[PDB]
Amino acid sequence: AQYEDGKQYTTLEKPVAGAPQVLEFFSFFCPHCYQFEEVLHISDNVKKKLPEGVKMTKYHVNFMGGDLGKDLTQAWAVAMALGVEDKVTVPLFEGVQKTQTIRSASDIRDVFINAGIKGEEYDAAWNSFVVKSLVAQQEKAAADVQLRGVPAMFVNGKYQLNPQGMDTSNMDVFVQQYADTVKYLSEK
């Protein structure tokens, strides 16, 4: 058929109970993640095609970048808690990978301050238990899908996107097929 298990996607041996309907994992340290978000716009193209009443969730991972990597997962928790993901995603990627001006937790915070988040607001979030549980949620999600690498995307906690099984030459055919596959999976 058009969409095939083992081709555009794979199926989790061990489906995840109560998972987000569309769950993306990434790292601000991840060069393929930079491409996925800043050049290919995968998240955006997937969301443009999602059915009504399907929300897209995006989590950061710890395993790249040591202390800074964990700082970024905690800052991504701050971003989710404050609801400012669409204001910090681009400058966090560029600061880590383009200008490489993000070297410490303080450098991360600067990105938020510059994006209009009050310092008192960032710091209270940063030190909050709400944010600690959001970090724990992201870590738990990774454990639940038995995550091995980023970027990755899972649908209804049952299916894993398999971009290696898609066409890779028109960047845009690739992106279209990726987004089309997510929509297909969401209705499966």
Side-chain angles (χ1 to χ4, degrees), residues 9-44 46 56-82 84-86 88-112 122 125-166 168 174 178 182 185:
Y9 72 96
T10 54
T11 303
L12 292 177
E13 320 173 40
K14 251 175 133 203
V16 180
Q21 318 154 71
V22 182
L23 177 61
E24 188 188 337
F25 290 91
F26 77 107
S27 174
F28 288 116
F29 272 103
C30 164
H32 279 145
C33 304
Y34 190 104
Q35 295 296 318
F36 253 45
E37 184 58 30
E38 301 301 299
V39 180
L40 298 177
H41 302 291
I42 291 293
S43 297
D44 281 355
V46 171
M56 168 146 200
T57 309
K58 176 141 68 171
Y59 292 162
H60 195 269
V61 304
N62 295 328
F63 60 81
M64 296 181 74
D67 281 290
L68 202 41
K70 273 211 81 162
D71 280 329
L72 286 160
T73 303
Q74 187 161 348
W76 188 247
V78 171
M80 294 189 281
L82 295 178
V84 295
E85 300 98 321
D86 305 336
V88 297
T89 290
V90 168
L92 284 174
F93 263 121
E94 303 206 336
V96 171
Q97 293 192 50
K98 184 192 200 193
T99 61
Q100 301 185 340
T101 45
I102 292 179
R103 292 159 213 121
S104 70
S106 185
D107 298 330
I108 299 183
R109 181 173 183 279
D110 292 343
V111 164
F112 285 74
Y122 183 92
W126 176 270
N127 296 297
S128 72
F129 288 93
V130 159
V131 162
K132 289 178 196 323
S133 64
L134 280 175
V135 174
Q137 283 183 46
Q138 297 175 85
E139 295 168 342
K140 182 46 167 39
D144 286 352
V145 298
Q146 299 191 22
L147 190 64
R148 285 197 227 175
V150 287
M153 200 177 291
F154 301 84
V155 175
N156 299 310
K158 202 162 329 169
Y159 306 106
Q160 183 170 352
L161 274 295
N162 189 42
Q164 72 181 15
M166 305 172 185
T168 62
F174 170 79
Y178 196 111
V182 182
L185 291 175

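Numbering starts at 1 and runs along the sequence shown. Any value given below was found using the heavy atoms of this structure, including those in side chains, with hydrogens, waters and symmetry copies removed.
Counted by atom type alone, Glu24 and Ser43 present one or more donor-acceptor pairs between their side chains at under 3.5 Å.
From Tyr9, atom OH reaches atom CE of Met166 across 11.5 Å, with rounding to the nearest 0.5 Å. Here the CG atom belonging to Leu147 is positioned 5.5 Å from the CZ atom belonging to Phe154, to the nearest 0.5 angstrom. Summarising the geometry, atom CD belonging to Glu37 is positioned 9.5 Å from atom CD1 belonging to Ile42; distances are rounded to the nearest 0.5 Å. Distance check: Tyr159 OH to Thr11 OG1 gives 5.5 Å after rounding to the nearest 0.5 Å. Rounding to the nearest 0.5 Å places SG of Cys33 at 5.5 Å from CZ of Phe93. Of the inter-residue distances, the one linking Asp67 atom CG with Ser104 atom OG reads 11.0 Å to the nearest 0.5 angstrom.
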Walk me through whether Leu161 and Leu185 qualify under side chain to side chain contact (heavy atoms under 4.5 Å, CB included). CA-CA 9 Å; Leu161 274 295; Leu185 291 175; 3.9 Å; yes
Just do the side chain to side chain contact (heavy atoms under 4.5 Å, CB included) check on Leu68 and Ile108 with the steps written out, would you? CA-CA 9 Å; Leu68 202 41; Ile108 299 183; 4.0 Å; yes
Going through the checks in order, is the side chain to side chain contact (heavy atoms under 4.5 Å, CB included) test met by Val96 and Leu92? CA-CA 6 Å; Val96 171; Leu92 284 174; 5.6 Å; no
Taking it one step at a time, do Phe26 and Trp76 satisfy side chain to side chain contact (heavy atoms under 4.5 Å, CB included)? CA-CA 11 Å; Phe26 77 107; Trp76 188 247; 3.9 Å; yes
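Of all heavy-atom pairs spanning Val130 and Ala81, the tightest one is CG1-CB, 4.5 Å. Across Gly157 and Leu12, no two heavy atoms sit closer than the pair O-CD1, 3.6 Å. For the residue pair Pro20 and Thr57, the shortest heavy atom distance occurs at CB-OG1, 3.4 Å. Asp107 and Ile102 get closest at one heavy-atom pair: CB-CA, 3.6 Å. Of all heavy-atom pairs spanning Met64 and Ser27, the tightest one is CB-OG, 3.9 Å. Scanning both residues, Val135 and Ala77, for their nearest heavy atoms gives CG2-CB, 3.8 Å.
A heavy-atom distance below 4.5 Å is found between the side chains of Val22 and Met153. Using a 4.5 Å heavy-atom threshold, the side chains of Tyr34 and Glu94 count as touching. With a 4.5 Å cut-off on side-chain heavy atoms, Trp126 and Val131 do not count as touching. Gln160 places none of its side-chain heavy atoms less than 4.5 Å from the side chain of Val145. A 4.5 Å side-chain heavy-atom check between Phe174 and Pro163 finds at least one atom pair inside the cut-off.
One N or O on the side chain of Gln97 and one on the backbone of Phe28 form a donor-acceptor pair closer than 3.5 Å. Looking at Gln35, its side chain never comes within 3.5 Å of a backbone N or O of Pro31 through a donor-acceptor pair. Between the side chain of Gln21 and the backbone N or O of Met56, no donor-acceptor pair lies under 3.5 Å. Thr73 places a side-chain N or O within 3.5 Å of a backbone atom of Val61 that can act as its donor or acceptor partner. Between the side chain of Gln138 and the backbone N or O of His60 there is at least one donor-acceptor pair closer than 3.5 Å.
Applying the salt bridge (charged side-chain N to carboxylate O under 4.0 Å, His left out) test to pairs two or more places apart or on separate chains, none has a residue in residues 125-138.
In summary, the aromatic rings of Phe36 and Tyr178 are positioned with their centroids under 6.0 Å apart.
Within 6.0 Å of CD in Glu85 there are more than 12 heavy atoms belonging to other residues, nucleotides or ligands.
Under the ring-ring contact (aromatic ring centres under 6.0 Å, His included) criterion, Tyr59 pairs with no residue at all, not counting sequence neighbours.
A salt bridge is defined here as a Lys NZ or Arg NE, NH1 or NH2 lying under 4.0 Å from an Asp or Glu carboxylate O, and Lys158 with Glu13 fails to meet this definition.
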